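Structural overview
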Amino acid sequence: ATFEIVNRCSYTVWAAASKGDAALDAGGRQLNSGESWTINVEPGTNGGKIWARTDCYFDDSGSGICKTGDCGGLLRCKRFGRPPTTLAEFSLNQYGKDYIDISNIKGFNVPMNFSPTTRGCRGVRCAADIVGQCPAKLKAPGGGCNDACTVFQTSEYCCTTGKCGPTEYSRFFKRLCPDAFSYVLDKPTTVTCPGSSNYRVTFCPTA
């Protein structure tokens, strides 16, 4: 499956793509304002994620650091990124269908639209100014808006026991972005797409 990653932000971002234990395609690449990078994700990929990283610095070997979404200090991500990270999540060819969603469970750093480029289903989006409106206690000194689990480490915010409910913090993310997961047990906003669909992830879709 092809995923065209487009940076419509006025600032540079370092796109990342991983499934947790492996890097999807190159795993990561720099995207200056306006640039598009198309990656190929193998069919059947389960638990894949794409996100943006901001304020990065890498050397000649591809090692460095980013203020948001840093993945072990590597340009080419092999693991998931450090919160806060707005997440485009997907599982492909799962019993004949594809499943996509956007999640704020690990915080928010850059606005994003995640849509199919093929017929059969609609896209999801979270482009509200969550960083600007971020509650004081969730503001990440390094940039972005942290999720409550990351900040407070409680069973309720992290839903560790699998028995949690909405919170004042999750409701903030849900208010700003109704079409994205605001907490673990949030009402699903996952979209079902035809198996083997193709997609486009656009950072800062609202220009």
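Residues numbered from 1 in each chain as written, not as in the entry; some residues may be left out. Heavy atoms only, no water.

Its PDB record attributes the structure to X-ray crystallography, giving the resolution as 1.36 Å.

Details of helix α4 (residues 168–176)
An α-helical turn contains 3.6 residues, so a residue and the one three or four places further along point in the same direction. In plain terms, the rule: Throughout, exposure labels follow a simple rule: accessible area from a 1.4 Å probe, protein chains only, divided by the maximum for the residue type, with under 20% read as buried, over 50% as exposed, and the rest as partly exposed. Runs of E in the DSSP output that reach at least two residues are strands. Runs of H or I that reach at least four are helices, and both are numbered from the N terminus. Summarising the geometry, the arc corresponds to the directions from the helix axis toward the C-beta atoms. Here, residues are in contact when the closest pair of their heavy atoms is within 4.5 Å.
Every buried residue of α4 is listed here: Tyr169, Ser170, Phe172, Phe173 and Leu176. All buried residues of α4 lie within an arc of 150° about the axis, which places them on one face of the element. Residues of α4 that are exposed and angled more than 90 degrees away from the buried face: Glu168 and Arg175. In this fold, the buried residues of α4 make contact with α1 (130–133), α2 (148–152) and α3 (155–158).

What to know about the sheet that holds strand β4 (residues 36–40)
This is how it is decided: Criterion used throughout: strands pair if DSSP finds at least two bridges between them. Fitted lines through C-alpha atoms serve as axes, helices being fitted only where they are in contact, and the angles separating the N-to-C directions of these axes extend from 0 to 180 degrees.
One open sheet holds the five strands; their spatial order is β4-β1-β12-β9-β10, and the pairing between them is mixed. The outermost strands of the open sheet, each flanked by one partner alone, are β4 and β10 (124–126). Averaged over all neighbouring strand pairs, the angle between strand axes comes to 15°, with direction disregarded. Relative to β4, strand β1 (residues 2–7) runs antiparallel, the two sharing five bridges. Counterpart to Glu4 in the pairing with β4 is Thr38.

Some words on the side chain of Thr86
Here is the rule we go by: Between N or O atoms, a polar contact is any pair within 3.5 Å; within protein, one atom must be a potential hydrogen donor and the other a potential acceptor, and residues adjacent in sequence are included only when both atoms are from side chains.
By the element assignment, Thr86 lies in the loop between β6 (64–68) and β7 (87–94). A residue is classified by how much of its surface remains accessible, and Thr86, at 1% relative accessible area, is buried. Among the polar contacts made by the side chain of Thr86, one reaches the main-chain amide nitrogen of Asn109 at a distance of 3.0 Å. Separated by 2.8 Å, the side chain of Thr86 and the backbone oxygen of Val110 make a polar contact.

Here we look at the side chain of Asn113
Its place among the elements puts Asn113 in strand β9 (residues 112–116). Looking at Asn113, its side chain comes within polar contact range of the side chain of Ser115, at 2.6 Å. Within the structure, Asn113 has its side chain in polar contact with the side chain of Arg125 (distance 2.8 Å). Ignoring sequence-local partners within four residues, the contact set of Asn113 consists of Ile102, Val124, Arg125, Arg200, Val201, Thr202 and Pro205.

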